[PDB]
2 protein chains.
Amino acid sequence: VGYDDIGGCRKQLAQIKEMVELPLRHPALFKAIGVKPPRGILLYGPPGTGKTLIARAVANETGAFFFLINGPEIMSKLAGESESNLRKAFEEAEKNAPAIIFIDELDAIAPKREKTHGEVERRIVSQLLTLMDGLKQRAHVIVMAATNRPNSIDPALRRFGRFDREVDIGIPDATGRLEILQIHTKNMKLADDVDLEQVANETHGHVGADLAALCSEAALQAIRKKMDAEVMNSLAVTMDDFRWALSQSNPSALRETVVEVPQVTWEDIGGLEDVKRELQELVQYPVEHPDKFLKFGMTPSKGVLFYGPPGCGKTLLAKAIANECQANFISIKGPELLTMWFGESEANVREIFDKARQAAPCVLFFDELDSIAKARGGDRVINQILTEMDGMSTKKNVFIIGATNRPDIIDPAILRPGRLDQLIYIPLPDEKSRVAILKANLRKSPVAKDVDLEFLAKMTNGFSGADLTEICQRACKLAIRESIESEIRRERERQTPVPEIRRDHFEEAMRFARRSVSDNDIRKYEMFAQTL
Amino acid sequence: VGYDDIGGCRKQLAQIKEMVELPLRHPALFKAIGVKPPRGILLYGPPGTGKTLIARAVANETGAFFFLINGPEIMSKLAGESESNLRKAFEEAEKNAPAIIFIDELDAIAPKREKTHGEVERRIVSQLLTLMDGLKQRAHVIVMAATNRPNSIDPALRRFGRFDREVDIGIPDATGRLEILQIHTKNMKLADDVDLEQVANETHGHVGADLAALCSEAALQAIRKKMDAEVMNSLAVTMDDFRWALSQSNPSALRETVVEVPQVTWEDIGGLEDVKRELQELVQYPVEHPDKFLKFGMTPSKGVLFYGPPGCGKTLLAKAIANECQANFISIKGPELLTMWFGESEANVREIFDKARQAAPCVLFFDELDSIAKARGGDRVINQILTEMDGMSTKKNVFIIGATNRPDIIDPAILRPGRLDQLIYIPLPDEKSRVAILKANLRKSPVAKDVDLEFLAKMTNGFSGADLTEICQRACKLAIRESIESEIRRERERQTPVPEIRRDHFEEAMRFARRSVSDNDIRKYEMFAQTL
C-alpha cells in the first residue's frame, strides 16, 4: 500500500505528490512561501487503475487521513444530510488538518446545469461549491475529485478557487502492467511460465482491474485443470492459462486515445537523416538552447509535412521521431477525420488538442489530409485545425507531422505560414534501405540467412518498403504454412523442424511479381517537388 | 428444475456457473485464490427463455437461496421502503451467504440519467449502486441482473465494482428447441406425429414461451377436434396440430440478430479449396499453433474478400467456412448498410461489432460493398467500419468475409493493409462443380436419377449455380404442379404417384433458355483480376 502499488503513472503523480507534500510536510514553510494554497485535484479519467484507491494510498503515503466522499451516497441520501455531511467534511478538515477530501463520482454530483433539472440537486451543487469557495486556506484539505472527463464538470466548479488542477488517467505501460502483475503477485503461485511482460505488451486495452480479472481467468482455467483444499500448492499460472485469460480478455479500455513513445528511433530505416537532424534541431536544440533561439531572435516553427509513399515507413518515421524525442505520440486518425468532416464533430478534435496541451510535449501526426480532401472533393474541421495551428504558442512545442501521399491539393492556408513549413518528399527506399528494411523484417523473425538480400534488393528496387514488409509477411506465411504442413504430416504419419524461411519462399515471392508502385504517382510526386 | 430445464445455452451458462460454484462450493478456497470476488451478472438479452427462471434454477442447482428482486415492485412501492428493501437484501445476504441477488427489470430501475427526470428515482438508483458498491466481498451474494440490452444501463452501474460481467440471451438451437419441447413434454400426450425437430428447425423466431404457446395452439386445435373430462387420454399432438400451431405462430423473436454455424462445410460445392486451406491455416493453424505464428514472428491477417458471382454459393461459401470452422456466423445485411448510410445509423454497427467481440470467435460476412457504394455513387459508416477494422486485435480473430460482385470501386483504405488482404476471384462453376451443385440440389429433393446431369452440365456450363438452383426450383415447381394436377385429376375423376421429377421437366427448363450470366460482367471481373 503506497506509491509502488500504482504502476505506470510517474510524472503527474510526482508533481501532485510534490504539491501535496509541500503543504503536508511543511505547512509552515508553505505559508512562508505563501504562494498558492491549492486543493482541487480534478482527476478526470477512466477508472480501473484504482484511482480512488490511488488517492487513498497517496493519503497513506503522506500519512493524511482519507476524509473521502461518496457522492453517490450523497445522491442516495436525502438533502440537508448531504449539507450536514458537507459540514461534517468541513469539521473533519478542522479536526484533521491532514484530511484527504476525496470526491468520488463527482460528475454525478456535478452535471451540466442545463442538463440538471434537480433544483435540490442544483442547490446541493451550490452548497458544495460554496463549501469549496468557503475556504480559510488553512485546513490543509486537498480537494481530490474523481471524474471520467471534465465535460460534465460545471465551469464555475472548474473555475479557479473552485478548481486548482486536473489529473488525467493516461495509458499504463506494459512495464506498469508488469508492476500491476507484481502487485497481483503477492499471492500468485505462478508457474513462472507466463512472461507477464510480452503478455503485458499484448495487454493493450486492459485496466488493472482487467489484469486482476485475467488473473481470475487463469485461476478459473487452473480450477478447471484441477477438477477438484489440495491443489493450492499445485497453483501454477502458466502461459496457457494466460492464453485462456487472453482469449477470455475482451478489450476493457477499447475506444480511447493514448499518447506514447515508440521504440524505433530510425533503426527501422535510415535515409534523409538531414530531415532527422532538422527534427533534432527542432526538438533537442530547442530543449537545450531556447536561449540560442533568443540570441538568433527568431521563434521556432510549428510542424512539417510529408509527400510520397504514405505510411510505408512514414508513419513509422513519425513513431521513430517520437522514439528519438523519447516523447509521447498521437496520430490524426482518418476515420476520426471523417467523423469530423462527414460525421461533423470537430470540437472533440479541439478537445484532443487541449488534451495534448495538457500532455505537452507530444507529437501530432496529422496524417491523411489527402483522404479527407478527396472525401470532400468526391474544410470546416480543417478550419478548426488551422485555428488550433494558429492557436498554439511555443509552450513545449507539440510538432505537427503532416502526411499525405496526394498532398498537392490539400490547403493553402495550411501551406501558408503560421502552420507547417516543410513537405518531406519521401521517396522510395534505396537497395541499401531495402536491405535495412529486410534486416528490420528479420528482426522479430526466426528466418535463416540462407537467402541473398542484396540480390533481393537488386531485384526489388522498384518495390515499396510496405511491399517489402508484405513480402516478409508472405514469406512468414509460407513458413507458417510449411510448419503447419510439417505438423499435419507428423500428426497424420509420425504420431499415427522448419523453424526458418528458405530462399525457396523468397523465389516464390519473387515469382509473385506484383509491384504495387505506380509510376504516375511518382510523376505526381515529381510534379509536386517541382512545384516545391 | 435444473440445468437440463434450459436448452440451447451451453458455454456462457457453464462459464457463469463455474464462476458461481467457485465461490459456492469452496468460498474458503476462492479466498485462498483470492482473485476476484465478482457478483454482477448482467443478463442483457431478450426474455421468453425464462432467463429469470434460469437464474432461479441455477440458484436451485447450486442450492443457493433465490433472494431475487422485482424492480417493478420497487418502482411500484413508495421510496424509503425501496431503500428498506435494499437493506433487507443486504441483511438477507448477511443471513444467507448463498443468496442469489437476482435483479429483474433493471433497465426500468436504471435508465439513462439524462432520460431520468425522477430525482427520487435517481436517488434510488444511487442507493442501489451504493448498496452495490457497499460490498465487504464476503456475503457471497451474486448480483444477477436482468436487462434487454445494456443501452439503458448507466455506465457507473456498468463500471467495474458495480458490474462484473454480462450475459447475452442468444439464439436457441433447434435441438435446444426440442429440449424445450421435451421440457414441455412432461404432460405432453403427443401423437408421436409432430417431428419436434424439423418442426423445431422451422421454429425460428420463437421463444420457449412461444413454444409453450404453440403447445397451447395444438391443444386448442385438439380441443376443437374433441368438440366436448373424457378426451384427456385422447390427447394426441399431431403434426397437423403442429401445422395449426405454426399457422398460428407469428415470429415472436423477429427483427433481431443471431450468430450461428451452418452445416455445409464445402459439401455444397468444392473448387478453389486452396483458398479453403488458406482459411484453414487462418483458423485451425492459428487455433492449434499460435506459437508457430510467434516463431514465424509475424501476426495473422484480418479478413479477405470475394469478387465474381455474388451469393451464388458465395454466401454459401461463407456459411460453409463457418461450418468448417464450426463457428458462429453473422452477415452484413445490405438493408442495414442502407440504414447506416442513407438511414444514417452506424453506432449500432459498432454495437454489433462489440457484440461480436462478446461473441468472439465469429464470422464477419461483410458482403455487398458494391451495393452501398453504388447507392452513394447513385462512406461515413464505412469510416466506422474501417475504424473497427483497425480497432480489432488478434483476440479470437473474427475473420472478415468481404463480398462484392462489382468490387472494383469500393474503397482503397479497405483495400489497404490493416484490413482485408485477398479478393477471391470467384469464377463460374465447372461442369463437375455444376454436377456437384446438381447433387446438392438433389439433396432434400425426391427426384429420380432418370435425367443426365452430365449432359445437363455440358449444356449449362454458361449458367450460374444460382441459375442452376433456379432450374432445380423450377423443376421442383413443375413436379409440384404435376402432383397438384394428379391430385386434381384424382379428386375430379377418381374420387368422384408422381413423387419425382422426370427428364421432361429437365428438357423444359433446357428449352427455357435464359442464361442470366453477363459476359461484360465476366470482362469486368477479368479486368479486376488483371488489376489484381
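Positions of Cβ are generated from backbone atoms using ideal geometry, with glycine treated the same way; all protein chains shown enter the neighbour counts. Since every read-out is calculated from the coordinates, none of them should be taken as a lab result.
Quick notes on this one:
- Selection of segment A:333-374 for residues being within 14 Å of chain B (Cβ to nearest Cβ) and either on the phi > 0 side of the Ramachandran plot or part of a strand (DSSP E or B) (or both) yields A:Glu344, A:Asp367, A:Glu368.
- Restricting segment A:123-135 to residues that are more than 14 Å from chain B (Cβ to nearest Cβ), of a type outside the set (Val, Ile, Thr) and outside any loop (DSSP other than H, G, I, E, B), the residue that is farthest from A:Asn96 (Cα to Cα) is A:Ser126.
- Residue, farthest from A:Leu13 (Cα to Cα), within segment A:176-235, restricted to residues that are basic (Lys, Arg) and either part of a loop (DSSP other than H, G, I, E, B) or within 11 Å of chain B (Cβ to nearest Cβ) (or both): A:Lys226
- Scanning segment B:254-277 for residues that are within 12 Å of chain A (Cβ to nearest Cβ) and either touching a strand residue (DSSP E or B) at 6+ places or on another chain (Cβ under 8 Å) or more than 14 Å from B:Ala320 (Cβ to Cβ) (or both) gives a single hit, B:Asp274.
- Criterion violated by B:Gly377 - all others in (1) out of contact with any helix residue (DSSP H, G or I) (no Cβ under 7 Å at 6 or more places or on another chain); (2) small (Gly, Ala, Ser); (3) more than 12 Å from every other protein chain (Cβ to nearest Cβ); (4) more than 26 Å from B:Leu282 (Cα to Cα) satisfied: (3)
- The numbered conditions (1) within 14 Å of chain A (Cβ to nearest Cβ); (2) outside any loop (DSSP other than H, G, I, E, B); (3) crowded, with 19+ Cβ neighbours inside 10 Å are all true for B:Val120 except (3).
- Residue pairs whose Cβ atoms lie under 7 Å apart, separated by 6 or more positions or on different chains, with the first residue in segment B:56-75 and more than 14 Å from B:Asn96 (Cβ to Cβ) and the second hydroxyl-bearing (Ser, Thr, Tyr) and assigned to a helix (DSSP H, G or I), are B:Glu61/B:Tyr3; B:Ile74/B:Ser82.
- Candidate set from segment A:456-510 (those that are of a type in the set (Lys, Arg) and farther than 15 Å from B:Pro286 by Cα); member that is nearest to the other protein chains (Cβ to nearest Cβ): A:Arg474
- Conditions (1) surrounded by fewer than 21 Cβ atoms within 10 Å (Cβ to Cβ); (2) under 30 Å from B:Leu294 (Cα atoms); (3) not small (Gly, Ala, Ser): number failed by A:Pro429: (1)
- Among the residues examined, A:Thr62 does not qualify as within 14 Å of chain B (Cβ to nearest Cβ) and hydroxyl-bearing (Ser, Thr, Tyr).
- Condition check for A:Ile414: crowded, with 19+ Cβ neighbours inside 10 Å and either in a strand (DSSP E or B) or touching a strand residue (DSSP E or B) at 6+ places or on another chain (Cβ under 6 Å) (or both): no
- Summed over segment A:431-469, residues that are over 28 Å from the mean Cα position of the chain (by Cα), among the small types (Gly, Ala, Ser) and part of a loop (DSSP other than H, G, I, E, B) total 2.
- Residues of segment B:511-532 satisfying the condition of being within 14 Å of chain A (Cβ to nearest Cβ) and either assigned to a loop (DSSP other than H, G, I, E, B) or exposed (fewer than 13 other Cβ atoms within 10 Å of the Cβ) (or both): B:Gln530, B:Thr531, B:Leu532
- Qualifying residue in segment B:469-490 (condition: under 30 Å from A:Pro309 (Cβ atoms) and either loosely packed, with under 14 Cβ neighbours inside 10 Å or in contact with a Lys or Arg (Cβ under 9 Å, 6 or more places away or on another chain) (or both)): no
- Per the conditions (1) closer than 24 Å to B:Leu272 by Cβ; (2) in a helix (DSSP H, G or I); (3) within 12 Å of chain A (Cβ to nearest Cβ), the sole criterion not satisfied by B:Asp408 is (3).
- Selection from segment B:384-399 of residues that are more than 7 Å from every other protein chain (Cβ to nearest Cβ), among the aliphatic types (A, V, I, L, M) and not in a loop (DSSP other than H, G, I, E, B): B:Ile385, B:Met389
- When A:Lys112, A:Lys51, A:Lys88 are checked against the criterion of being basic (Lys, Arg) and more than 14 Å from chain B (Cβ to nearest Cβ), A:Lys88 stands alone in meeting it.
- For segment B:98-105, the criterion of being over 20 Å from B:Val20 (Cα atoms) and facing another protein chain (nearest Cβ under 10 Å) is met by none of the residues.
- For segment B:62-120, residues that are charged (D, E, K, R) and closer than 28 Å to A:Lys112 by Cα total 7.
- Of all residues in segment B:22-48 being within 16 Å of B:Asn148 (Cα to Cα) and assigned to a loop (DSSP other than H, G, I, E, B), the one that is farthest from the other protein chains (Cβ to nearest Cβ): B:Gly48
- B:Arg138, sole failed condition from (1) within 14 Å of chain A (Cβ to nearest Cβ); (2) under 27 Å from A:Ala212 (Cα atoms); (3) of a type in the set (D, E, K, R): (1)
- Scope segment B:282-323; condition part of a helix (DSSP H, G or I) and among the small types (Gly, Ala, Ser); matching residues: B:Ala318, B:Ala320, B:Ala322
- Number of residues in segment A:259-281 that are part of a loop (DSSP other than H, G, I, E, B) and surrounded by 16 or more Cβ atoms within 10 Å (Cβ to Cβ): the value is 10.
- Applying the condition of being more than 30 Å from B:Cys215 (Cα to Cα) and crowded, with 19+ Cβ neighbours inside 10 Å to segment B:145-158 and asking which residue is nearest to the other protein chains (Cβ to nearest Cβ) yields B:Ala156.
- Condition check for B:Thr238: away from chain A (no Cβ under 14 Å), within 30 Å of B:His184 (Cβ to Cβ) and β-branched (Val, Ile, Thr): yes
- Condition check for B:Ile424: more than 25 Å from A:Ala375 (Cβ to Cβ), more than 23 Å from the chain's Cα centre (by Cα) and hydrophobic (A, V, I, L, M, F, W, C): yes
- A:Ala79 meets the conditions (1) in a loop (DSSP other than H, G, I, E, B); (2) under 13 Å from A:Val143 (Cβ atoms) in every case but one. The failed one is (2).
- Within segment B:6-21, one or more residues are assigned to a helix (DSSP H, G or I), surrounded by 18 or more Cβ atoms within 10 Å (Cβ to Cβ) and facing chain A (nearest Cβ under 9 Å).
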